[PDB]
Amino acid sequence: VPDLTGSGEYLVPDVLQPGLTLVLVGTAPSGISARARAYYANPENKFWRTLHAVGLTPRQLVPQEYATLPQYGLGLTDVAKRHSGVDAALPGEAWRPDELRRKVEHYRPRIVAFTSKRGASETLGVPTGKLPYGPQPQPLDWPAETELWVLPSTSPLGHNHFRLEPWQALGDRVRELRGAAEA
């Protein structure tokens, strides 16, 4: 099971632990994110605003606050942890859905949500055009207790496709889970 820094090889640490409600999985860190050693650090990326908008977080975090997410039952990782850049530019060996699956199997989050179709596609082995947004049916190679969701990219490059509904439905689902946990 890798450590959170991949033995110092990861550009930005994973934020993972047991008992999380939601892990949000990107493709790879943008260059800006890699340089900041943070997640979704491009100031035009809508991720941090979106989490606040949909009540996954109660304030808008700044990118350097990414590791505080577990206090709200959220964590973070990416399919590619040792490379940065736009998806189309990444070398083929960047994508390690094998290592992602090992982490999911270890930490058992309630939900894994891919923050773009591409990430989900690299992991599920199916082309993006055949994936809808929202909850998917339980796949491989994958724990049936961990729900899997695919979300519209918050990147500036996905601006033509961005929609809030899958993000808000996710937020509602996380509310429902954290509320059942208390009832």
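Numbering starts at 1 and follows the sequence shown.
Colleague: Which wins on mean Cα temperature factor, 86-94 or 108-116?
Modeller: Higher mean C-alpha B-factor in the PDB entry: 86-94.
Colleague: Could you check the entry and say whether 5-13 or 157-165 has the higher mean CA B-factor?
Modeller: According to the entry, 157-165 carries the higher average C-alpha B-factor.
Colleague: Name the one of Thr146, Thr50, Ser30, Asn45 with the greatest CA B-factor according to the PDB entry.
Modeller: Comparing C-alpha B-factors across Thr146, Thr50, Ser30, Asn45, the top value belongs to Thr146.
Colleague: Among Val150, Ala67, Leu56, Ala41, where is the Cα temperature factor highest, going by the PDB entry?
Modeller: Highest C-alpha B-factor among the listed options: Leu56.
Colleague: Lowest, middle or highest third: where is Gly26 by Cα B-factor in its chain?
Modeller: Answer is lowest: the recorded C-alpha B-factor places it there.
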